[PDB]
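Visitor: For reference, the structure I am asking about is given below.
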Amino acid sequence: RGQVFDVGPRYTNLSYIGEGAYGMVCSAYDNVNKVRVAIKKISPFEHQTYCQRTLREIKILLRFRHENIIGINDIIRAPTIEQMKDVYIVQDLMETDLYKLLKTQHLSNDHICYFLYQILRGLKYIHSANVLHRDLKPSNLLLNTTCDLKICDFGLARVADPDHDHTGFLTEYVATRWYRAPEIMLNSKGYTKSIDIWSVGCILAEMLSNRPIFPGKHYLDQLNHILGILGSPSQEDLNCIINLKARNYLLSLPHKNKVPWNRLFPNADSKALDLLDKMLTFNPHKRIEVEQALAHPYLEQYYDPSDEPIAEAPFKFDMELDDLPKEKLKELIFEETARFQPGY
Ligand SMILES: O=C(N[C@H](CO)c1ccc(F)c(Cl)c1)c1cc(-c2n[nH]cc2-c2cccc(Cl)c2)c[nH]1
């Protein structure tokens, strides 16, 4: 089962937790700190896109330190670049993720409130570093037995660049469909923080209902679902969309009215539906920002600005990775991981 999982002398006792495209995660015993950790094997070097997501996660996570964000406490790889085929990343061990919880567990308002807070608290740190996660969703939210939440997988994360956000209509995207903001299908590259707030809103809705709020089955169908609930965008909102093919598509649509949140979520806290509304606002300029969300009445019993830390060192203009070849991406992954080598 546990294939070629070659963590050195330090980590023993492996258990298969899960898999993915180009890697595997197992639990293991840290014979140094005596604590049982999580280790993720990565085999990305064949594809440039994988090397690009591996490099992004490592640069960022090594520079981040926050309780609601997953850490990288160690990295294991071959001593030379020629010999390095895989990379192992040691990270926090968490019992489950939110995606698995929503399948079998119904969350109490208290849990929804607490999970939401921790997501926003950690998102604040990320955004304060001028970084967008860009792939927030239930499966990227980890929980332990005492319901501590940590955000993971920054393979899609980018440095904010709102000046280069505008793009054409139905422009290709990578992040998960159900949690994709409307503007992504319209005129946005997803380079503004408002992208994350939308996903978090979709996650809030899903926590109230245990099912996706906008479960589109393909690219354009995603927009249909969102507009089916939010209704036709106002004139003022349409004017913010200057692209003609995007505006005209929205104009070609029949008028639809807003479907009441309380109609969708009968048992839901009204304070929760009010915030949900602010998060799932069509216009990304009007959409609530992370610090407003934290200060929202629904999260009153947790809100504490001084206990909600921001990044010490924010990333500057984007990392320029989209350009470099696999070969150069492997070197950068090599040099970024050097510090964890005993020969260092
Ligand atoms: O980076 C992590 N996961 C990303 C996306 O979620 C990933 C999963 C597979 C893969 F093949 C890749 Cl490339 C990326 C991660 C999870 C845990 C992690 N601690 N404790 C438990 C886990 C865990 C929970 C559920 C499922 C898994 Cl599998 C692991 C650490 N780090």
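Residues are referred to by chain and number: the chain letter is A, B, ... according to the order shown in the structure tokens, the number counts from 1 in that chain, and ligands are numbered separately from 1 in the order shown.
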What's around residue A:84 at 12 Å? Count only C-alpha atoms, leave out sequence neighbours fewer than 5 positions away in its own chain, and write the answer as a list in words.
Guide: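 The filter keeps residues 6, 42, 43, 44, 45, 46, 76, 77, 78, 79, 330, 331, 333, 334 and 337 of chain A.
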Visitor: Output N, CA and C atoms for every residue in the selection just made, as a PDB file, in the first residue's frame.
Guide:
ATOM      1  N   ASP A   6       9.984   6.834   1.126  1.00  0.00           N
ATOM      2  CA  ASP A   6      11.292   6.731   1.757  1.00  0.00           C
ATOM      3  C   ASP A   6      11.623   7.950   2.612  1.00  0.00           C
ATOM      4  N   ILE A  42       5.866  13.945  -3.012  1.00  0.00           N
ATOM      5  CA  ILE A  42       5.538  14.666  -4.234  1.00  0.00           C
ATOM      6  C   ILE A  42       6.428  14.191  -5.380  1.00  0.00           C
ATOM      7  N   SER A  43       5.813  13.883  -6.518  1.00  0.00           N
ATOM      8  CA  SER A  43       6.548  13.435  -7.693  1.00  0.00           C
ATOM      9  C   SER A  43       6.125  14.257  -8.903  1.00  0.00           C
ATOM     10  N   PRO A  44       6.544  15.528  -8.946  1.00  0.00           N
ATOM     11  CA  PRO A  44       6.042  16.537  -9.876  1.00  0.00           C
ATOM     12  C   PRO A  44       6.966  16.810 -11.059  1.00  0.00           C
ATOM     13  N   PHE A  45       8.222  16.399 -10.934  1.00  0.00           N
ATOM     14  CA  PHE A  45       9.285  16.911 -11.795  1.00  0.00           C
ATOM     15  C   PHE A  45       9.122  16.604 -13.282  1.00  0.00           C
ATOM     16  N   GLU A  46       8.229  15.677 -13.617  1.00  0.00           N
ATOM     17  CA  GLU A  46       7.981  15.333 -15.015  1.00  0.00           C
ATOM     18  C   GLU A  46       7.171  16.402 -15.741  1.00  0.00           C
ATOM     19  N   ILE A  76      12.167  16.494   3.098  1.00  0.00           N
ATOM     20  CA  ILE A  76      13.121  15.427   2.836  1.00  0.00           C
ATOM     21  C   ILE A  76      13.268  15.207   1.337  1.00  0.00           C
ATOM     22  N   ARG A  77      14.499  15.289   0.845  1.00  0.00           N
ATOM     23  CA  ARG A  77      14.782  15.007  -0.557  1.00  0.00           C
ATOM     24  C   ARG A  77      16.246  14.612  -0.741  1.00  0.00           C
ATOM     25  N   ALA A  78      16.557  14.008  -1.884  1.00  0.00           N
ATOM     26  CA  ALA A  78      17.910  13.549  -2.176  1.00  0.00           C
ATOM     27  C   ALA A  78      18.920  14.688  -2.064  1.00  0.00           C
ATOM     28  N   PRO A  79      20.173  14.360  -1.712  1.00  0.00           N
ATOM     29  CA  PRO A  79      21.222  15.362  -1.505  1.00  0.00           C
ATOM     30  C   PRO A  79      21.651  16.081  -2.779  1.00  0.00           C
ATOM     31  N   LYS A 330      12.985  22.878 -11.128  1.00  0.00           N
ATOM     32  CA  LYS A 330      13.515  21.828 -10.267  1.00  0.00           C
ATOM     33  C   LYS A 330      14.693  22.340  -9.454  1.00  0.00           C
ATOM     34  N   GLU A 331      15.485  23.222 -10.055  1.00  0.00           N
ATOM     35  CA  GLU A 331      16.619  23.819  -9.362  1.00  0.00           C
ATOM     36  C   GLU A 331      16.133  24.714  -8.231  1.00  0.00           C
ATOM     37  N   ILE A 333      13.285  24.557  -6.692  1.00  0.00           N
ATOM     38  CA  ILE A 333      12.747  23.667  -5.672  1.00  0.00           C
ATOM     39  C   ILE A 333      13.890  23.065  -4.862  1.00  0.00           C
ATOM     40  N   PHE A 334      15.016  22.831  -5.528  1.00  0.00           N
ATOM     41  CA  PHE A 334      16.192  22.270  -4.878  1.00  0.00           C
ATOM     42  C   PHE A 334      16.790  23.265  -3.886  1.00  0.00           C
ATOM     43  N   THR A 337      14.767  24.112  -0.763  1.00  0.00           N
ATOM     44  CA  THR A 337      14.680  23.013   0.191  1.00  0.00           C
ATOM     45  C   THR A 337      16.006  22.737   0.904  1.00  0.00           C
TER      46      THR A 337
END
Visitor: Neighbours of ligand 1 within 6 Å, counting only C-alpha atoms and all ligand atoms, as a list in words?
Guide: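 Here is the list of contacting residues: residues 17, 18, 19, 20, 21, 22, 23, 24, 25, 38, 42, 91, 92, 93, 94, 95, 96, 97, 139, 140, 152 and 153 of chain A.
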Visitor: Taking a cut-off of 6 Å and counting only C-alpha atoms, can you build a table that, for each residue of stretch 185-279 of chain A near stretch 164-170 of chain A, reports the nearest atom pair and how far apart they are in Å (one decimal), sorted by chain then residue number, as CSV?
Guide:
residue,atom,partner,partner_atom,distance
A:185,CA,A:170,CA,4.7
A:186,CA,A:169,CA,4.7
A:187,CA,A:167,CA,4.8
A:188,CA,A:166,CA,4.8
A:189,CA,A:165,CA,5.0
A:191,CA,A:165,CA,5.3
A:246,CA,A:169,CA,5.3
Visitor: May I ask which of the residues A:210, A:270, A:281, A:15 is the closest one to residue A:233, counting only C-alpha atoms?
Guide: A:281
Visitor: Which residues are close to residue A:137, i.e. within 7 Å by only C-alpha atoms, leaving aside same-chain residues fewer than 4 positions away? Reply as a PDB file with C-alpha atoms, in the first residue's frame.
Guide:
ATOM      1  CA  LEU A 141      -9.623  22.704   5.037  1.00  0.00           C
ATOM      2  CA  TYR A 179     -16.263  27.739  -5.666  1.00  0.00           C
ATOM      3  CA  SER A 199     -15.174  30.660  -2.193  1.00  0.00           C
ATOM      4  CA  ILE A 203     -18.107  27.102   1.891  1.00  0.00           C
TER       5      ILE A 203
END
Visitor: Find, counting only C-alpha atoms, the residue in A:311, A:230, A:329, A:239 that gets nearest to residue A:282.
Guide: A:230
Visitor: As an NGL selection string, which residues of stretch 2-217 of chain A does DSSP assign to alpha helix (DSSP H)?
Guide: :A and (48-61 or 98-104 or 109-128 or 182-186 or 194-209)
Visitor: Since we have the selection now, will you write its residues out, keeping C-alpha atoms, as an mmCIF file, in the first residue's frame?
Guide:
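The new file part.cif reads:
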data_model
loop_
_atom_site.group_PDB
_atom_site.id
_atom_site.type_symbol
_atom_site.label_atom_id
_atom_site.label_comp_id
_atom_site.auth_asym_id
_atom_site.auth_seq_id
_atom_site.Cartn_x
_atom_site.Cartn_y
_atom_site.Cartn_z
ATOM 1 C CA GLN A 48 6.195 21.805 -15.449
ATOM 2 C CA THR A 49 2.745 22.576 -14.063
ATOM 3 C CA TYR A 50 3.390 20.291 -11.097
ATOM 4 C CA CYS A 51 6.820 21.803 -10.455
ATOM 5 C CA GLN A 52 5.086 25.169 -10.526
ATOM 6 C CA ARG A 53 2.537 24.261 -7.857
ATOM 7 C CA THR A 54 5.148 22.526 -5.710
ATOM 8 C CA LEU A 55 7.443 25.552 -5.790
ATOM 9 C CA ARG A 56 4.626 27.963 -4.965
ATOM 10 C CA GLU A 57 3.453 25.975 -1.961
ATOM 11 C CA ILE A 58 6.975 25.659 -0.564
ATOM 12 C CA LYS A 59 8.086 29.289 -0.930
ATOM 13 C CA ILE A 60 4.865 30.482 0.694
ATOM 14 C CA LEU A 61 4.427 27.950 3.488
ATOM 15 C CA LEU A 98 -14.055 19.535 5.939
ATOM 16 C CA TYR A 99 -15.061 17.807 2.701
ATOM 17 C CA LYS A 100 -15.185 14.461 4.507
ATOM 18 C CA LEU A 101 -17.082 15.954 7.444
ATOM 19 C CA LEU A 102 -19.892 17.427 5.359
ATOM 20 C CA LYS A 103 -20.679 14.015 3.883
ATOM 21 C CA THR A 104 -21.606 12.379 7.184
ATOM 22 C CA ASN A 109 -24.408 26.628 14.433
ATOM 23 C CA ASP A 110 -21.573 26.758 16.972
ATOM 24 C CA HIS A 111 -19.363 24.610 14.739
ATOM 25 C CA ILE A 112 -20.269 26.559 11.611
ATOM 26 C CA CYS A 113 -19.515 29.776 13.465
ATOM 27 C CA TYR A 114 -16.208 28.449 14.783
ATOM 28 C CA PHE A 115 -15.047 26.907 11.507
ATOM 29 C CA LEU A 116 -15.940 30.084 9.629
ATOM 30 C CA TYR A 117 -13.970 32.208 12.080
ATOM 31 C CA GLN A 118 -10.815 30.105 11.791
ATOM 32 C CA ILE A 119 -11.037 30.176 7.984
ATOM 33 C CA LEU A 120 -11.384 33.952 7.998
ATOM 34 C CA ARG A 121 -8.672 34.373 10.640
ATOM 35 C CA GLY A 122 -6.191 32.447 8.524
ATOM 36 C CA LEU A 123 -7.368 34.012 5.274
ATOM 37 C CA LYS A 124 -6.679 37.425 6.790
ATOM 38 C CA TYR A 125 -3.067 36.403 7.360
ATOM 39 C CA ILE A 126 -2.769 35.165 3.775
ATOM 40 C CA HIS A 127 -4.277 38.310 2.288
ATOM 41 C CA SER A 128 -2.149 40.530 4.532
ATOM 42 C CA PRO A 182 -18.815 34.826 -11.161
ATOM 43 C CA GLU A 183 -16.304 37.347 -12.486
ATOM 44 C CA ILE A 184 -13.968 34.456 -13.309
ATOM 45 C CA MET A 185 -16.305 33.399 -16.130
ATOM 46 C CA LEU A 186 -16.854 37.020 -17.151
ATOM 47 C CA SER A 194 -12.235 39.077 -3.575
ATOM 48 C CA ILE A 195 -11.801 35.700 -5.280
ATOM 49 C CA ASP A 196 -11.124 33.991 -1.948
ATOM 50 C CA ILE A 197 -14.015 35.675 -0.165
ATOM 51 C CA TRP A 198 -16.444 34.218 -2.695
ATOM 52 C CA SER A 199 -15.174 30.660 -2.193
ATOM 53 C CA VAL A 200 -15.413 31.102 1.567
ATOM 54 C CA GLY A 201 -19.004 32.186 1.040
ATOM 55 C CA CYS A 202 -19.694 29.048 -0.971
ATOM 56 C CA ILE A 203 -18.107 27.102 1.891
ATOM 57 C CA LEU A 204 -20.365 28.853 4.407
ATOM 58 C CA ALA A 205 -23.462 27.942 2.403
ATOM 59 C CA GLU A 206 -22.275 24.344 2.134
ATOM 60 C CA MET A 207 -21.739 24.179 5.904
ATOM 61 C CA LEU A 208 -25.355 25.234 6.420
ATOM 62 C CA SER A 209 -26.699 22.682 3.961
#
Visitor: Between A:312, A:135, A:323, A:30, which one has atoms that come closest to residue A:178, using only C-alpha atoms?
Guide: A:135
